[PDB]
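Next comes just one chain, in structure tokens: the form deposited in one PDB entry.
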């Protein structure tokens, strides 16, 4: 049975794949390759010319930023049982983009707001816009995975209660007991994460506030935000009003 950790880029997917790994592993993990090993990232596999077998007879966890309707996923149409769809406040994704990427912002925000996401950003591909992505993995999901049940979780909820919010993913994914959760929440940390990334870069190895600028932007973001356009729909729904 095939299981996706699906997410728009920068929705906190690394952080989540960290936790799911060190829970399944049991051991803490330091090396980032250790995470690609626990919850491999489809894009990465494909870049190597790997593609996981369709119809594994034991459970596999794969993570991706692809839209559920991407044709390369059609190989997994019948074998997909579960989807964990991880969601974040889109406003944060922008900051997360600058955070890693003031004239520079009041226009990327326009592109983002025109994009309704990161479509112009060459870093990722196949992700569509933020709402097209959420839809494909939630409400329109059976159009590309008809056997699948979905559990959505917000970055915002995982941060305010990491333990409980994780167990839900664990239990949903029927990965075992509620016991490992704390020690698994423990080794992944907005600090210990930053550290794990560091070691791995250094060894070589493969790796990885609004108005402070706005004023004029704000009136446009909030128009997108409260504006009967699928983005706003999904903002309304996952509490980003």
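Numbering follows the first chain given and starts at 1.
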Test item: residue 55 lacks coordinates in at least a third of other entries: no
Entries skipping residue 207: at least a third of other ones: yes
Count class of deposited residues lacking coordinates, residue 208 to residue 209: 10 or more
Missing residues, deposited sequence, between residue 101 and residue 102 (class: none, 1 to 3, 4 to 9, 10 or more): 4 to 9
40-48 set against 24-32, stretch whose average Cα temperature factor tops the other in the entry: 24-32
Per the PDB entry, maximal CA B factor within 72, 125, 86, 93: 93
Ranked C-alpha temperature factor of residue 107 among modelled chain residues, by third: highest
Residue 197 - which third its CA temperature factor falls in, relative to the rest of the chain: middle
Ranked C-alpha temperature factor of residue 217 among modelled chain residues, by third: highest
Chain third (lowest, middle, highest) by recorded CA B-factor, residue given as residue 148: lowest
Ranked C-alpha temperature factor of residue 53 among modelled chain residues, by third: middle
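Although it is not shown, the form deposited with a partner chain bound is what the next lines describe.
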Partner-facing stretch of 173-181, 209-217, 43-51, 186-194, counted where any non-hydrogen atom is within 4.5 angstroms of its partner chain in the entry with it bound: 43-51
Heavy atom within 4.5 Å of its partner chain in the entry with it bound - residue from 114, 98, 149, 123: 123
4.5 Å heavy atom contact, residue 200 and its partner chain in the entry with it bound: no
Residue 10, heavy atom within 4.5 angstroms of its partner chain in the entry with it bound: no
In the entry with it bound, residue 36 touching its partner chain (heavy atom, 4.5 Å): yes
